[PDB]
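Asker: Under this note's numbering, the first residue of the sequence shown carries the number 124, and numbering increases by one thereafter.
Every residue gets a Cβ at the ideal spot worked out from N, C-alpha and C, and that includes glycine.
I have a structure here, written as structure tokens, and I will follow up with some questions on it.
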Amino acid sequence: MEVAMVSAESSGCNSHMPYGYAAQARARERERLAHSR
């Protein structure tokens with residue numbers, strides 16, 4: 124089971140980052156822990 128961590132810092136212009144960028148940091152960071160290749 125994972126810890127209950129809720130967060131939503133975005134209600135105007137906080138997620139101004141281009142779509143896909145918020146999914147490249149964790150996608151590349153997950154390789155350091157799930158390094159299977």
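Quick check on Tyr142: does DSSP put it in helix, strand or coil?
Answerer: Sequence index remark: in the sequence shown, residue 142 carries index 19 (1-based). Note: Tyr142 maps to coil in three-state DSSP.
Asker: Tell me whether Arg160 sits in a helix, a strand or coil according to DSSP, three-state version.
Answerer: Stepping through the sequence shown from its first residue, residue 160 is reached at position 37. If DSSP states are grouped into helix, strand and coil, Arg160 belongs with coil.
Asker: Report all residues from its chain with a CB closer than 7 Å to the CB of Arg155; omit the five preceding and five following residues, and keep chain order.
Answerer: Counting from 1 along the sequence shown, the entry for residue 155 is found at position 32. Hits under 7 Å: none found.
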